[PDB]
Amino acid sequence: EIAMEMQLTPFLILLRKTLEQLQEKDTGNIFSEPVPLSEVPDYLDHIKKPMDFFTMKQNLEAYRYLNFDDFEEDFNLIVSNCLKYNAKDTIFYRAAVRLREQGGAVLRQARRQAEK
């Protein structure tokens, strides 16, 4: 399977499935819409690039993820943003740790498929 020959549609089908699997791990509904700046007024004082699963879905369908690195980078922002903004004694921090853990095998297996 050679990179210049790779078709977009199959790759996007793979990313759609992978994103569904990742988002399903958000059983607390913490990561599935943007952190609202109106309700968390200091959020952008700390976080340079917010990310969430709905924004990832929009990016996917707008053809913004054309390799696995860029996709995984945004999933990793969901986690890292949360670990920075929230203290390690909070439920939200631990929820990000759990999301990273559960996302791990999903992403590794998905990348292996993307590399054929």
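If you superpose the two forms and keep the largest set of C-alpha atoms that fall within 1.5 Å, you have the rigid core. Numbering starts at 1 and follows the sequence shown.
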Do the Cα atoms of 36 to 44 or those of 81 to 89 sit farther, on average, from the shown form in 8 other deposited structures of this protein after fitting on the core?
-> 36 to 44
Quick one: say whether 94 to 102 or 6 to 14 has the higher mean Cα B-factor in the deposited entry.
-> 6 to 14
Selected stretch [higher average CA B-factor]: 35 to 43 or 67 to 75 = 35 to 43
Ranked against its chain, the third holding the CA B-factor of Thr55 = lowest
